[PDB]
């Protein structure tokens, strides 16, 4: 069974940015009512506002579903907000699979953070495009993650791309990586 999916938009974004990805995941057997897309208030995506809002949102999802973990699909600054939640707040034991799309990940960590539950490390798929003019690829790459480079897809187009959707499915089914508990 799939974990609930918490979808995390970027700066200037909205929950409905995930309309295309939600519809795709339903065609692949996710339940539409188990896809939970947050709406942030802060138009810039600042972690000090978005991090705690995401924490409250995830705690609520776990409480009502009874699931042990959520999965994350995050776009742009949403990737930083997710990593901030894991690193600096209480997200480290609440998340299993993370997929970021053009994530501004290196604002918070250069490395894929395994979290705080020794029973299950957080797995990452960081998808980024060489055509992205808004978030440079070096900011999206995460040491120890599965780092996935595509071409031609613009920053906002990441939300509708068929390649991206295929990688989201892989990641939400456990196809991310995190080698940071291993020795070099």
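Residue numbers count along the first chain shown, from 1.
Review point. Looking at the deposited entry, does 153-161 or 26-34 carry the larger mean Cα B-factor?
Key: Here the higher of the two C-alpha B-factor means belongs to 26-34.
Review point. Out of 104, 99, 95, 110, which one has a C-alpha B factor higher than all the others in the entry?
Key: Spelled out: the listed residue with the top C-alpha B-factor is 110.
Exercise for review: Ordered by C-alpha B-factor within the chain, which third holds residue 58? Give me lowest, middle or highest, please.
Suggested key: Residue 58: CA B-factor falls in the lowest third of its chain.
Check your understanding: Lowest, middle or highest third: where is residue 136 by C-alpha B factor in its chain?
Key -> Ranked within chain, residue 136 CA B lands in the middle tercile.
Point to revise | Modelled-residue ranking by C-alpha temperature factor, third containing residue 115 | key: As the PDB entry reports it, the C-alpha B-factor of residue 115 lands in the middle third of its chain.
Check your understanding: Compared with the other modelled residues in the chain, in which third is the CA B-factor of residue 48?
Key -> Middle third - that is where residue 48 ends up once the chain's C-alpha B-factors are sorted.
Practice item. Could you say whether, by C-alpha temperature factor, residue 64 belongs to the lowest, middle or highest third of its chain? Key: Highest third - that is where residue 64 ends up once the chain's C-alpha B-factors are sorted.
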